[PDB]
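Peer 1: Just the first chains of my complex for now:
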Amino acid sequence: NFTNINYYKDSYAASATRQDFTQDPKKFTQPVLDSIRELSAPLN
Amino acid sequence: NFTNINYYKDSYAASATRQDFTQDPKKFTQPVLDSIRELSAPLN
Amino acid sequence: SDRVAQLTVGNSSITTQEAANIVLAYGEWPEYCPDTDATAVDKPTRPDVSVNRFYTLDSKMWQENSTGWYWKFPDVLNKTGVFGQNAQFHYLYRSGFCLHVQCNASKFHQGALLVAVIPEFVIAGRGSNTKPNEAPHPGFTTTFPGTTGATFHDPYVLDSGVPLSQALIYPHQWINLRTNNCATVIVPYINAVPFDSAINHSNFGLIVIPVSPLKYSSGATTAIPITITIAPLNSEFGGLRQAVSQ
C-alpha cells in the first residue's frame, strides 16, 4: 500500500507517518512516589 | 523523493539540482595578504 | 513507614505524622536544563542553597461557607527572600516546585479539600458581553494575586469556564480531615520554552476548593487555618540586568 511516498524535499507535506502504539498510563493514573501494590492497603 | 527526474534531453529544464553548502567567507571578511591572528594586535 | 515523613530541602525541614503519599506531577523530577534544549548563550547562575528552600506564606482561615483560593507559582515569591531578588535582577527563570498544604483538625471535625496544580491557569472575566472592546477583564491583582492569594467567585467552574468535577486530570491530592492533614506535590518545569521570565508569565497555579464544607459541633475549635509552604527545586536564572519590580 504505497502511501508514504512523498514528492517534494519538504517532509511536512507527506501523509500520516508510521503509527506507533506508544502508551504510558502510569504517569496519569499512578503518579505517587512510593509504588503501591494493588493487593494491599494503600496506607499501612 | 523523486524530483530530479527529467523528461527531455535538455538539462536546463530540470528542477533545482543538488544543494551544495559551499561557503568561503574568508574572501570578503579577511582579504588582506598577511594573515592576522585574532588574539594579537593587528599592527605590531 | 508510609504516613510519617520528613522533607529536608536546604536549611528548612518539614515534619508530618500522618500523610497519604507524595504525588509526583506527570511522573517526572525537576531537572536542570540540558545543553540540547537550551537556547540562551549566557551562562546561568545556580545558588542551589539560598533559593531551594521552604518558603511559608500567610495562613488562610477556613470558614464553613468558604469558596476557595488560588496562587500563581513563580509570582508568590518575588519580594520574599533571595529568590525574589534573583527573579527581579535576572531576566530568565527555570525551576520546579515542591508543594505542601497543611490543614490539621481534630477527630470531631469533618470536611475535605481538593488541592491541585493547573498549568497555565488563565483567569476568565465574568460577565455576559460578546463584544471585544466592551467585554470585562480581570484586574492585575486578580490574575496575579501575589502572596496574599485570591478567592474564587464561582469555584464550580474554577473561574475559567472549566468544570471542577473533571479537574482531577491535574496533579492533585485531597485533605480529608479524617485521614490526612497534608497534601504535597512535586511539580517539574512545564513550559513550551526552555527559559521564561518570572515576572510576566506565571507557569501554573494552586487551587484549594473546600468540597464537603467544614462541619463541627458546639464547643470545638472554630478557627481552622490553612498554611502552604513552597520550595523552588532546581532554580537557575539568566540574563542579569537592572532590577525590575514588575
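Peer 2: Received it, and whenever you're ready, just let me know what you need. Numbers count the residues shown, from 1 in each chain, chains lettered A, B, ... in the order given.
Peer 1: ok, now which ones touch residue 33?
Peer 2: Here I'm looking at chain A. For residue A:33, the contact set (CB atoms under 8 Å, 6 or more residues apart in numbering or on different chains) comprises C:21-24, C:186. Backbone N, C-alpha and C define where each C-beta goes, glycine included.
Peer 1: actually chain C
Peer 2: C:44, C:94, C:194-195, C:236 are the contacts of residue C:33 under CB under 8 Å, 6+ apart.
Peer 1: which of those tops the neighbour count?
Peer 2: Within these, residue C:94 tops the neighbour count with 24 neighbours, counted by other CB atoms under 10 Å in any protein chain shown.
Peer 1: Between the contacts of residue C:33, which sits nearest residue C:160?
Peer 2: Nearest to residue C:160 among the contacts of residue C:33: residue C:94, at 25.5 Å, using CB to CB.
Peer 1: Near chain C, which residues of chain A are found?
Peer 2: Residues of chain A lying close to chain C (CB under 8 Å from any CB of the partner chain) are A:26-28, A:31-34, A:36, A:42-44.
Peer 1: Around chain B, which positions in chain C sit nearby?
Peer 2: Counting by CB under 8 Å from any CB, chain C has no residue next to chain B.
Peer 1: attach chain D to the model above:
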Amino acid sequence: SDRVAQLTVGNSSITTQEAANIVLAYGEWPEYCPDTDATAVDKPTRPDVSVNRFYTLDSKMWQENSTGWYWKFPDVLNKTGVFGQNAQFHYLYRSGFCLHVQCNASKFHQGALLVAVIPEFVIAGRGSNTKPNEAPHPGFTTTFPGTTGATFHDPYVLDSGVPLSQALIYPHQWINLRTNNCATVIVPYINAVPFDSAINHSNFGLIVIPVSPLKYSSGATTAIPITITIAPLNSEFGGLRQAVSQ
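Peer 2: With chain D now in place:
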C-alpha cells in the same frame, strides 16, 4: 606584545593600546575558599557570571591643584547590580578584585598618578586633641564614601599619619601621561578570617594621588577625567537572610 591587552571577565571586556604591566598583588591569584580554611557549615553560593564582571564608576575630574581620591573596595558595590543584592541578602562575603584605572591624555600634557591598594585603610580623624572622649572622629560618609568617592585633605600623610613617600610597599602602579594611561591590579582576598561581611568591614582601599600635578599649554583640553572599573573575581556568599541596606 606587551602594551596592547584585553581583559575579558564575564559579559564585559576592557581594551587598551598602551599599558605597562598587570601587577599581581602579593604574587597570588584570587582563589575559592578551600575546605581546610573554611569554618561555616552552610553551603556558599557562586553566581560566577552575574557578579564577576567589570562595574564602572563615575568619572573624577583631574584639576591642576587636585589632592586625591579614595574608595573602599567591598563597599563601592552594594547598590549596583546583582553583586549589591547578593551582598545585601547574604551575611558572609569572600572575593578578590581586579582593578583598572584609566586616565588618557595627549602628548602635550604632563603629570603622573600613584594608584595603589591599602589593606585595612583606616581613616584617621584630624585634630590635636589627646582626650579620648573629646577627640574628633570621621563621619560615616568619610570612612565609607560609597560610589562617589572621597577627597584627601592631607595626601602627604594619606589622611592616616602614614607617609606617602613610603606607600610603595603596597601593590601599585603609576599613570605617567607620557608612557601609559591605565593601571591595573589583581588583588586576592586578604583577611584574617576566611569569610567576612561586605557591609560592616571594608577590606582594602584604592588611593589615586596626583603627584607632579597636571600641566599643559593654552589651547589644549582642560577637562581631564579619571575612570575606574572594578571586577569582583571569584565571588562567593553565605548566610542568606533578610536584606539589610547598611
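Peer 1: Now do the closest residue to chain B within chain A against chain C, distance only.
Peer 2: Nearest residue of chain A to chain B, counting by CB to the nearest CB: residue A:6, 5.3 Å away. According to CB to the nearest CB, to the nearest Å, residue A:6 stands 28 Å off from chain C.
Peer 1: Ignoring the adjacent residues along the chain, who's closest to that residue?
Peer 2: Spatial nearest neighbour of residue A:6, excluding adjacent residues (CB to CB, 6 or more residues apart in numbering or on different chains): residue A:14 at 4.5 Å.
Peer 1: circling back to that earlier point, that's a strand at the residue of chain A closest to chain B, yeah?
Peer 2: No. Assigned with DSSP: H, G, I helix; E, B strand; the rest coil, residue A:6 falls outside any strand and is coil.
Peer 1: So what's the residue count around it?
Peer 2: Residue neighbour count, defined by other CB under 10 Å, stands at 14 for residue A:6.
Peer 1: Tell me which residues touch it, please.
Peer 2: Counting by CB under 8 Å, 6+ apart, residue A:6 touches A:13-14, B:1.
Peer 1: let's bring in chain E now:
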Amino acid sequence: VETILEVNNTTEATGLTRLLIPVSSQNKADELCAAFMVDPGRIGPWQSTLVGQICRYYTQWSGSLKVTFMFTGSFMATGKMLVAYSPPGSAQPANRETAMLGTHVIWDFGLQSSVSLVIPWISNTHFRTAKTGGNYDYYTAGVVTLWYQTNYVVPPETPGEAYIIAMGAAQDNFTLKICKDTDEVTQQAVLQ
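Peer 2: Same chains as before, plus chain E:
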C-alpha cells in the same frame, strides 16, 4: 562584513555627517555620547547597514551581532569610552552606574584605533521577528549606549572635536528564516 551605521540620523545633519559620532571634551563626569537600538529589522541606524537590508528580506533572524567603533581623530588625543549593551527590560539607562550593570567594554584610544563590541544572543525564543512596534516589543534586543568613560583629553594646538565611525555586521551563528519582501521599494507607475 562591517558596514557604517547611521547613528547620527537625527535632524540638522546635512548629507554625510550622519555617519559620525561627535566626540569632544566635557566638564561634568560620567557623560553620555550616543545610544541606539539593537534591532536590525527596525527603523534607525541599522537601516543604513548591509545586514539590516538583508534581514529585511527575511522575517526572522537569530544569532549574535557585532558593532565596531573606529576613532578618527588626532594622534595626540587620548581618552576612554564605555560602550555597554543592555538586554531588554526598562528604558534606556540614565546613569553610567546603571549602564555598567550589563555587558560593557572599556575601550581606550591608543595605537589600535578600533574596538569591537560583540552583542551576544540573549533571548528566550529561538528566533526573533524582524518587525518591532506594537505587540512586537516581545522581540526587542536591547540598547547599545556609548559613554564618556573618563574624558577626551587633548594637548594644546590640537582640535578638541573628533568623530567615531560605528560599523555593524553579523556573527558566525547568524541565521535567517522565512523570506519576504522589503518595505523600501515604492512604485506608482511602470518604469517606462
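Peer 1: so what's the residue most central in space within chain E up against?
Peer 2: In chain E, the residue lying closest to the centroid (CA atoms, centre = their mean) is residue E:36, at 5.3 Å. Applying CB under 8 Å, 6+ apart, we find residue E:36 in contact with E:5, E:7, E:44-46, E:143-144.
Peer 1: ok, for it, nearest residue in space, not its chain neighbours?
Peer 2: Going by CB to CB, 6+ apart, residue E:36 has residue E:45 as its nearest residue, at 4.8 Å.
Peer 1: Verify the stated contact: that neighbour with residue E:3.
Peer 2: No. Using CB atoms under 8 Å as the test, residue E:45 is too far from residue E:3 to be in contact (10.7 Å).
Peer 1: quick revisit: return the subset of the contacts of residue E:36 lying in strands.
Peer 2: Mapping the contacts of residue E:36 onto strands (DSSP state E) picks out E:143-144.
Peer 1: hmm, back to that, looking only at neighbour counts, state which of residue E:45 and residue E:3 leads.
Peer 2: residue E:45 (25 against 16).
Peer 1: mind checking how far that one is from chain C?
Peer 2: 22 Å.
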